[PDB]
There are 2 protein chains.
Amino acid sequence: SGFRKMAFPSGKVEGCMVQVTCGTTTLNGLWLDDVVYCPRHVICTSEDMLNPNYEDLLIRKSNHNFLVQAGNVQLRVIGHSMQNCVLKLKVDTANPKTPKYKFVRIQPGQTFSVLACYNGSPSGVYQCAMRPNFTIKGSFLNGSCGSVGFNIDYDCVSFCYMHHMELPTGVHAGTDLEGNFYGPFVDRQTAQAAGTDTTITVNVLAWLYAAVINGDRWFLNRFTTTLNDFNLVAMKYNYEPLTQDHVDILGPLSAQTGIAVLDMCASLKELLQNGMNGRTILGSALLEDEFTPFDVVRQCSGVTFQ
Amino acid sequence: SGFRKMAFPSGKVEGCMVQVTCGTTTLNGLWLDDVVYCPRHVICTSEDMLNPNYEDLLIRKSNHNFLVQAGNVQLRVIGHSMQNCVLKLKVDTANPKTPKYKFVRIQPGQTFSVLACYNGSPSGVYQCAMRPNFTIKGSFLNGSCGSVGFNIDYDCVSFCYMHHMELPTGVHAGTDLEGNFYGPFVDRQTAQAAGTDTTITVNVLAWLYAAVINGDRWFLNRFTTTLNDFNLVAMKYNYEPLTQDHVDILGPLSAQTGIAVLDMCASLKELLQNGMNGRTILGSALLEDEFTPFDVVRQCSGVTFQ
Ligand SMILES: [Zn+2]
Ligand SMILES: [Zn+2]
């Protein structure tokens, strides 16, 4: 038993990371088949980032100005193209380590693993969520741009995020692997403020089921509620409204535990109105919202990847 | 910027995991060179675990009773030996993916990554610490035995933990790769209670430096203290005593921030006596003690692994 914030094993992604340099800018790229994907701001100077015209900047670059290195070994760039906010560098060699993969675009509330890298070299792996305001709260120092987020289903890597930006408040923004930003953010060094970072209610509920399965039970109470009554309290605490869809997704955890979803909602309502009174749940003094229902089921059941 | 609980990239370890079955018991083994290491309780039935005599049990096993599978492929066992609480199964093939490696024995307070596996297949990676009572707080379901903990220095994997036991309170016990348990625990299904799980003070202090570097600063105050005065409060709150050695280890973070170690100790003393008053530090409502000083330096500087 036990319950930890867990990332996917990162080896399949480690085998795809490369270094991309253009002029004086170095960042990371993702090498899949014969394409390397990277942020288009690789072509920018620090000065360019204040008001970049990327089509104009890109005209001054040739294939030979994109230096791509995979370990100690150089890759030959035979084409380049811009797709939204990513560049696709065609190389003359297919990555021999390319895993089965998909590109997907995730919704707020979904979780994914990030492989933080520098100079094409993996440093660490962690687990995070797309926030309701379309930011992520990561760990990204200068040079981490182009690091990716992903989920794994058995042997298939679903890439969902590429890192591009830190906002002036220290939260992070980036794109899917089609180069479309999550949320309203742009790849320019400008005033970009994030909206309310609400709490992902369905994920908190999943985690409270995890707690009960893993023997933390002190917060269970004698009450129930309704979606509409719960949602009046969610609104007042900057929680996402709970929908019947969310109730349906929590069905399997409800069936396992025998705790009706709306009963768990009443426990959550109490926790919001009363606080934890100096107690902890699964080692946290805050209600944790970076586990999805699927994450809880997976970790409580023992699912593996080949 | 940002600061996350981060595991090491797990690919080098993924390439070493295998499945080991003996009779009806399946668990994980670690394949390095031509040796597979696994918990010796692979030879036990659930019944045997109540009072096992492992030398006697092991006499009834031959090389051909240890089934070792690496992916879809069987390995041939050409010898076996018991070393403390691990078995070493000699195989006729060296693992072609063997990384540079060391076996080390860590001290309480040190952190490491765990690659949780089932049936020889990696499921997830997380980050944890050897507690002062020699337990770890992991996520281990039936079948996870033999999963390992490790640290990476560039390209060298230091293996420090192999999972063996869950205590009746749901915390975890295991061995180094020489098969010696951490702490007083044994591989028998018996009354084994853990001692006080104190807080790793030097690690909390490191994390408060991380907070200041990453712009969380509200807890900085006008006070200082002394080691002896601080330690009177540590004792009263079930914190580990702080030593001059610990002060020395925090020197680089003190130099970066310009906050003297004993000043940070006075901030920590306030936090202990006053609580957080509903505030957070780096996303936590608890003082986090699973980052070492070295972890903080690494993550705040951008260190990579090849
Ligand atoms: Zn960048
Ligand atoms: Zn076991």
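All chain B residue numbers match Swiss-Prot; in order, they span 3264-3569.
This entry, so its header tells us, was determined using X-ray crystallography, 1.2 Å.
For all residues, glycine too, the Cβ spot is worked out from N, Cα and C.
Per Swiss-Prot, the ubiquitin cross-link annotation among the candidates B:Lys3353, B:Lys3499 falls on B:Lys3353.
Note: the CA-CA distance between B:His3304 (active site, for 3CL-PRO activity) and B:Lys3353 (ubiquitin cross-link) rounds to 17 Å. Secondary structure at B:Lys3353 (ubiquitin cross-link), taken from DSSP and collapsed to helix, strand or coil, is strand. In this entry, B:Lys3268 stand out among the recorded positions B:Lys3268, B:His3304, B:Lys3353, B:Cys3408 as having a C-beta under 8 A from a C-beta of chain A. Shown in sequence order, B:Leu3290, B:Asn3291, B:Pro3302, B:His3304, B:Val3305, B:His3426, B:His3427 are the residues of the chain, 6+ apart in sequence, with a C-beta less than 8 angstroms from the C-beta of B:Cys3408 (active site, nucleophile). When each of the recorded positions B:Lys3268, B:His3304, B:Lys3353 is scored by how many other Cβ atoms sit within 10 Å of its Cβ, B:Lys3353 comes out lowest. On the backbone, the CA of B:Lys3353 (ubiquitin cross-link) and the CA of B:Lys3268 (ubiquitin cross-link) stand 36 Å apart. In the vicinity of ligand 2, defined as a Cβ distance under 6 Å, the following of the recorded positions B:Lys3268, B:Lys3353, B:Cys3408 are placed: B:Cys3408. The secondary structure of B:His3304 (active site, for 3CL-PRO activity), as reduced to three states from DSSP, is helical.
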